[PDB]
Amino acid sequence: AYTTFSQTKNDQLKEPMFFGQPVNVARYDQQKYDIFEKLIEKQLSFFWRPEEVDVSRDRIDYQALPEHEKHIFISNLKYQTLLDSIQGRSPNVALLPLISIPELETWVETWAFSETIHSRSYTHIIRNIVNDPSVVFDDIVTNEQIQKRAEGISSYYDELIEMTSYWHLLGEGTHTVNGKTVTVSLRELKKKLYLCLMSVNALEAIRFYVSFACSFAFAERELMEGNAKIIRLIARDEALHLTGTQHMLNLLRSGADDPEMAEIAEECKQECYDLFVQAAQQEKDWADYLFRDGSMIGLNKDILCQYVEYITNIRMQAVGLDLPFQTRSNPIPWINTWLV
């Protein structure tokens, strides 16, 4: 029931962001939500190319690094690779088939495309600092710690994807597939979408920012300044990404779009809360793998942990959720220097 070009002449200003008639014409002259058009413009305005960035000296710096420092740096980079590897394909595979307004459709495509540039930049960094990158890259999929810190991301997406397919193939209802009952409830798919988005908002808003803190730790010590310039560029982009997911989330909950979506946001509020808690906890646990051969004189599981509670509280509130952690001031405001 999905079509790459729906044949009904529909007023795109009146479709819901999701689950409406699939987008036919891509026009940008009017928007139901101008915020998406604005993000597209900003993101295109920020277009940059990694290879332009000079990381020549980062090879020296890295080589000079104490092994536990190299381990920290690399582990962090491998996590970044994982997250942008997923974020490069996921929004397109999971969201495009559900979007019903053109401005959001293109935003998603621009957002996803920008994640591939991030992925390209890690390849640029890695090949410029190691001897065989296959070592770093081959250690992502099987790094239990990595998969432990990243656990659950591929899950929201894949389930959202599976249900959307059944919904497109069979339509709403209960069906019999190979002698088994399969229920396709649209309310339920909306709930899986709502949850995937919140999960992605956490990924964009917290998982990356935590990784930035490590990256910048080195920069403040005047090491790996190429990587840092890249990270700043990447960070500038993820900021747009999170602005987009917060908006989607907030608009859905305001009930101004699909009203059933606002009742759903309501029903699943504890689930939303729980996943962020779970995410924030996974990042803390990472601290214990990062600091295995030891920490640095500017970063340890403690500061890490505090920054994490710090940022999580900021994000959860941005999306109207209750704060799980004790309020505090930025445990590392120098980071705000690079952050911008």
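The term rigid core refers to the maximal set of C-alpha atoms that superpose within 1.5 Å between the two forms. Note that residue numbering begins at 1 and tracks the sequence as displayed.
Chemist: Between 114-122 and 140-148, which one shows the bigger average Cα displacement from this form in 4 other deposited structures of this protein once the rigid core is aligned?
Modeler: Higher average C-alpha offset in 4 other deposited structures of this protein goes to 140-148.
Chemist: Out of 309-317 and 287-295, which shows the greater rigid core-aligned C-alpha deviation in 4 other deposited structures of this protein?
Modeler: It is 287-295 that deviates more in 4 other deposited structures of this protein.
Chemist: Got a sec? Mean C-alpha B-factor, which is higher, 136-144 or 107-115?
Modeler: So the stretch with the higher mean C-alpha B-factor is 136-144.
Chemist: With respect to the recorded C-alpha B factors, which stretch has the higher mean value, 163-171 or 256-264?
Modeler: So the stretch with the higher mean C-alpha B-factor is 256-264.
Chemist: For the CA B factor values reported in this entry, which option in 60, 279, 308, 44 has the top one?
Modeler: Answer for 60, 279, 308, 44: 60, with the highest C-alpha B-factor.
Chemist: Among 29, 54, 274, 34, single out the one with the highest C-alpha B factor in the record, please.
Modeler: Of the candidates given, the C-alpha B-factor peaks at 54.
Chemist: Lowest, middle or highest third: where is residue 332 by Cα B-factor in its chain?
Modeler: Its C-alpha B-factor, which the entry lists for residue 332, ranks in the highest third among residues of this chain.
Chemist: Please say which third, lowest, middle or highest, residue 292 falls into when its CA temperature factor is compared across its chain.
Modeler: For residue 292, the deposited C-alpha B-factor lands in the highest third.
Chemist: Looking at the entry's B-factor column for C-alpha atoms only, identify whether residue 315 ranks in the lowest, middle or highest third of its chain.
Modeler: Its C-alpha B-factor, which the entry lists for residue 315, ranks in the middle third among residues of this chain.
Chemist: When the modelled residues of the chain are sorted by Cα temperature factor, does residue 188 land in the lowest, middle or highest third?
Modeler: For residue 188, whose C-alpha B-factor we compare with every modelled residue in the chain, the answer is the middle third.
Chemist: Could you look up the Cα B-factor of residue 210 in the entry and say which third of the chain it sits in: lowest, middle or highest?
Modeler: Its C-alpha B-factor belongs to the middle third of this chain's values.
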